[PDB]
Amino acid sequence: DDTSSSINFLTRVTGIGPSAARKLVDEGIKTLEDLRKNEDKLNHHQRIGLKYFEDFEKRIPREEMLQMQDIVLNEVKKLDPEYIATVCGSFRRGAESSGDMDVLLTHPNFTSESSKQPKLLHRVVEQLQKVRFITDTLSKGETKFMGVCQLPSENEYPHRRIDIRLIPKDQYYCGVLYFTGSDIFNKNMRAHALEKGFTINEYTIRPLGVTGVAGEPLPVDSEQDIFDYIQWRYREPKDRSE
């Protein structure tokens, strides 16, 4: 009803999951002004999403992505030019507008064998904060950061959603591929690989076998490699709609 209508609303709130939404409905919380009057029952993630509720409903136009992407690439490079960072999302595909920003990061010192290097990701976050680009943090893991950013004002820009993920170097390309999309694309590509005797996921490419349940990840130094393995002409992100 006009009240379910209320669960529908809350849930627009980043951080506000159903279960999560439901309870707040049981507390008498339904509108947003409700929410603001009740910051104390929301977690850190939900507060922030509440705080930028509107801004978050706004799309990001390419022009801004471009600048955002430059700020990020640039800071990273100063920290250690050995780091590799790529912005995925339809944006990499050439998209005219975006909803948020996705940066996949990596570094040769961090391979799927190490597994334990928070500092590599935190140091970038720190730098991005110290430069005034990232303005807030929703949550921050050892391998993933989710927060808020804003383009520097000269005089203002809405706050945007930014995610930065640290992936091991030996699995970075499957990830970039993976997060670049599109969805169909991945699908048709995974389908084909199979016909070629390979199984791909967001982390590896592995040859099949008898009965099927087979494996052992093939070395991948670029996105190009995955296309070679299945012997398909390379496809520039822009041609990845399907």
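If you superpose the two forms and keep the largest set of C-alpha atoms that fall within 1.5 Å, you have the rigid core. Sequential numbering from 1, following the sequence displayed.
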property	result
Higher-deviation segment by CA RMS in 7 other deposited structures of this protein, core fitted, 209-217 or 194-202	209-217
Where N155 meets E156 in the shown sequence, the number of deposited residues left unmodelled	1 to 3
Stretch with the higher entry mean CA B-factor, where the candidates are 113-121 and 76-84	113-121
Comparing 196-204 with 209-217, the one whose average Cα B-factor in the PDB entry is higher	209-217
Per the PDB entry, maximal CA B factor within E54, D26, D40, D70	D26
Assigned third (lowest, middle, highest) for the C-alpha B factor of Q224	middle
Assigned third (lowest, middle, highest) for the C-alpha B factor of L32	highest
Ranked C-alpha temperature factor of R160 among modelled chain residues, by third	lowest
Chain third (lowest, middle, highest) by recorded CA B-factor, residue given as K144	lowest
Where the record places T180 (Cα B-factor, split into thirds across the chain)	lowest
